[PDB]
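Below is one structure. I have some questions about it.
Chain IDs A, B, C, D and E follow the sequence of writing; residue 1 opens each chain.
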């Protein structure tokens, strides 16, 4: 969840 | 009295827990920052590591908050008891005088 | 305590790991730079070498980060334990003090004091009622009710109210 | 923090109740003391008038 | 060393104590409340307060 959140914040996908 | 020393001890403990929670929070913020700075460069493992660190810090902050709250409740009960004791003293004096 | 010395040791270790990771990162940047500067001149092997170096530095940085994180978790658990110990100390002190207090004071004393207070206040209320009755019986001639009623009506009309 | 606030409110209420009761008691005591002064003055007046 | 010094049975005993002492204290406070409320009844009618 945190990774998804921070990736959305930065603007990238994993 | 032992009551006063223990009250001081409890206040110190509560302040220490608050400060520890604050440190954990600052550390969480710093870790999240570093996560951003690392992912911006293409680091997954560093991100995972810092995220684990932040989770640990959050859990520990929560635990410290719970413990601090419980200690605060206890200290409050103690203050209540001490006040009641002062009251009982005053009342016994009044009893003597009025008798 | 050994706890404090070990905490200092752990903090030193974490800082050292962070600094080592920083050094590895700077070295990776420098190696990538040199790779660029060499390839710009037509060097393959130098590029391969520096790339291997950068990979090594990255792997080592990652390992240091993992180890540092684990050490941080351990240190955090230790701090938790120490705080809990302080708490246990304070609580044991409170136990001693409160046991002392409960041994000194009890509830039967409170009940006796309150029953007394009730009886004394009842006697005082009786005395005050007696005083009221006596002092009212004494003062009866020099305050008729008709004069008081007339004055009250007069002053209420003056003020502008009714009773 | 909400639990803390509730505790503080409850404790404030209890302190207010206890303070009010103590105030009532002190007021009764002042009444008694004033009545005692009055009784003294009155006994003096009794002596003098007798 | 710490675990050899301190154990869990001590913690449980301390907490059981704390519970009993706080229960006794709650009882004492309830008794005080009841007594001090029984004393203060005449000089606060409910109609006047309402």
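Heads up, the rule we're going with is that a contact is a pair of C-beta atoms (placed from the backbone, for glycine too) under 8 Å apart; a residue touches a chain by one contact, two chains touch by 3 or more.
Here's who's who by UniProt: C = Charged multivesicular body protein 1b.
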item: Greatest separation from chain B - chain, by CA centre; value: D
item: Interchain centroid distance [CA atoms averaged], chain A/chain D, Å; value: 66
item: Centroid distance [mean C-alpha coordinates] between chain D and chain B, Å; value: 38
item: Distance from chain E to chain B - Cα centre to Cα centre, in angstrom; value: 23
item: Length of the line joining the C-alpha centres of chain A and chain C, rounded to whole Å; value: 34
item: Residues of chain C engaged with two or more neighbouring chains; value: 91, 98, 110, 117, 121
item: Topology of the chain contact graph, where touching chains are joined (line, ring, star, complete, other); value: other
item: Interchain pairs in contact, sorted by label; value: A-B, B-C, B-D, B-E, C-D, C-E, D-E
item: Chain E residues touching chain C - in the complex, by the definition given at the top; value: 1-2, 6, 11, 14, 17-18, 21, 24, 27-28, 31-32, 35-36, 38-39, 42
item: Residue ranges of chain D touching chain C (in the complex, touch as defined); value: 25, 28, 31-32, 35
item: List of chain B residues in touch with chain D within their complex; value: 69, 72-73, 76, 80, 83, 87, 91, 94, 98
item: Contact footprint of chain D on chain E as seen in their complex; value: 33, 36-37, 39-40, 43
item: Chain C to chain D touching residues, read off their complex; value: 117, 121, 124, 127-128, 131
